[PDB]
């Protein structure tokens, strides 16, 4: 499934205990500009964006039309309901040929806590299942504001309990992208505080680790994103849109009795990272959430948890499911499958 891919010279270093892998978008450009395939999608950001705080309008921009599917029949995709903790959760269940025992992956889609659908990343996960021969749960977890924090977190815990009671030898890898990664990270933390040790790995695609962090702070500073002149207005406008989204989405996700800076809403602000599973983070050079993902990686490493931080040069937010658009998305699938076997 991974042919026609470029031979990229990646750069691997160790920074504060973090294994860092920087992958340029080609071998002639090391950084500081968008991958050209990304750039052609960002034409709108030549002008500033004003994000209207309207739920339906926001949701209406969170459906990805079908991605070309090279896997086809080689992986079965079927929906079913599971029930634990008096919560019924719909999951899109992926089964490959010759499925392997015990190892299972649980995935939460992104969509800024309030939107998206699991179908947004089906094809990416078919690639992962087909390569690793691992079964995958693509979870239709609760969305805010109708079911704000901690509903999605509790759905995750329900899923983990179901899997562990189903099979005592199960090894669970948790994964997600964006706000979905945030929710499953919190569920994982909670699973561990109840004494389960079955989750042995996190695979996080551009996670939101600190929702609604200070937008005049170091996590939201555009000076951390050097870029060529011709693309600096586009980058500024793009980053500013995500700054707007960060506030709007957190308001939806967090009810009034709760707070966004708490450990279960901002995994970056956990008091302790010693229980956290070995983690791989994958993120674009120009992802507005990259600094907080890096800060998270450094906290894990300092707690002596093995952490790999793969930075895709020239990439923005939300690229990974787009396997028919970017080689980097195909690489994300490869990296995930290798982590499961």
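Positions refer to the first chain, counted from 1.
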*Return whichever of 39-47 and 54-62 has the greater mean Cα B factor according to the PDB record.*
39-47
_Which of 74-82 and 119-127 has higher mean CA B factor, as the PDB entry lists it_ = 74-82
*Could you check 311, 316, 307, 292 and tell me which one carries the biggest Cα B-factor in the deposited entry?*
307
*Of the options 297, 68, 283, 29, which has the highest CA B factor as deposited?*
29
*Which third, lowest, middle or highest, does the CA B-factor of residue 218 fall in along this chain?*
highest
_B-factor third for the C-alpha atom of residue 320 within its chain_ = lowest
_Splitting the chain's C-alpha B-factors into thirds, which one does residue 333 fall into?_
middle
*Position of residue 177 among the chain's modelled residues by C-alpha B-factor, lowest, middle or highest third*: lowest
*Of the three thirds of its chain by CA temperature factor, lowest, middle or highest, which one includes residue 232?*
lowest
